[PDB]
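Given as structure tokens, the chain that follows is alone and in the form deposited without the partner chain.
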């Protein structure tokens, strides 16, 4: 259950009660589509249905022809597998492995073993189930349903080609054409991972797609194979807390804690994720990619309870930009009201239920439905949870404008204090 704590001292709110799902690795699987080497239907005729088949075959052939024309690094794992498949003889390993089965584990040249699955076999359908239907002597097809089912089978290839063409062979998220939900669910079950990870990934397949990649690998020897790069969640169920920060100004000099974003416990240390796009959030599970993470000591949590703790140097910025704004946190909203701008909190039925005075203040999502700051109307999150207000004297009142260095784009508590002490030393 989610719990929010607003700290009036630093105008920051921490939304605890979350559980982690941190992507610490990648799982690369090879998805193969066996392609027919057909060039055309041999006969020519005036049948309208066969012309539709030829039109669909032209779509098929053009799709194959289109495919043949094709900090960290997010696809380094799938690119590595793709480059191995380009080596001589590695395609025939996949061809022989999937000769009698649709799933196989293939040991490549590097020694890595990758699970290979054949999700579609157009070579079988076209050569064995489509071409024998065509009466070459009359160049006619008996039933129209053959045309319709050919369009359905070929449709997945056309959409896979369509996505690779516009994404230059690397698509993210992995769509349902690359890997259907049943295939993705079965693929997760087939991964050599613990049951806790399988339960986590199966319940959140929509998050798995958003964090996955599809890499077009080979189009050679009647095989269309692309590497799907699924995420591995090695860290699960560890506590997470999101730090929401809003400007804190005198009522002038402003102060804002810059270290906002998600924090999660990881192997005795705190993984900090500054970018907002990094972490996807579910009911109470936070899916943060560790590639965009900073590893911090566990003492980083002490900045919430004590901004002047000696165990850590909390990051803040200093400026004179006394502009009113509101941060719509979970279970509430931080409202910073300054100047002549009027800030109010409103309810759907009762209307304006609170008028914010000058300073930084917090309103829970209970009762409040919208927040108005200046000319901007903010809607608050209606998540169920318990919000806690921690009253305290704002830290911005301890400084003085004469020596406050109000130009730090990114600094820390100790850096500001040392720079202040330098100002006092000169003065």
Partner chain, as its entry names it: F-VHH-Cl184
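Residue numbers count along the first chain shown, from 1.
A second form of this protein, the form solved in complex with the partner chain, is not displayed here; the remarks below concern that form.
The unique member of 135, 298, 197, 251 whose heavy atoms fall within 4.5 Å of the partner chain in the deposited complex:
Going through each option in turn, the one that passes is 298.
Can you pick out, from 215, 270, 91, 219, the residue that has a heavy atom within 4.5 Å of the partner chain in the deposited complex?
None of the others qualify; the residue that does is 270.
Do residue 309 and the partner chain share at least one heavy atom pair within 4.5 Å in the deposited complex?
It does: once the partner chain is placed as it appears in the deposited complex, residue 309 has a heavy atom within 4.5 Å of it.
Would residue 388 sit within 4.5 Å of the partner chain in the deposited complex, counting heavy atoms only?
It does: once the partner chain is placed as it appears in the deposited complex, residue 388 has a heavy atom within 4.5 Å of it.
Just to confirm, residue 356 within 4.5 Å of the partner chain in the deposited complex by heavy atoms?
Judged by the heavy-atom cut-off of 4.5 Å, residue 356 is well away from the partner chain in the deposited complex.
Going by a heavy atom distance of 4.5 Å, is residue 238 a contact of the partner chain in the deposited complex?
So residue 238 counts as contacting the partner chain.
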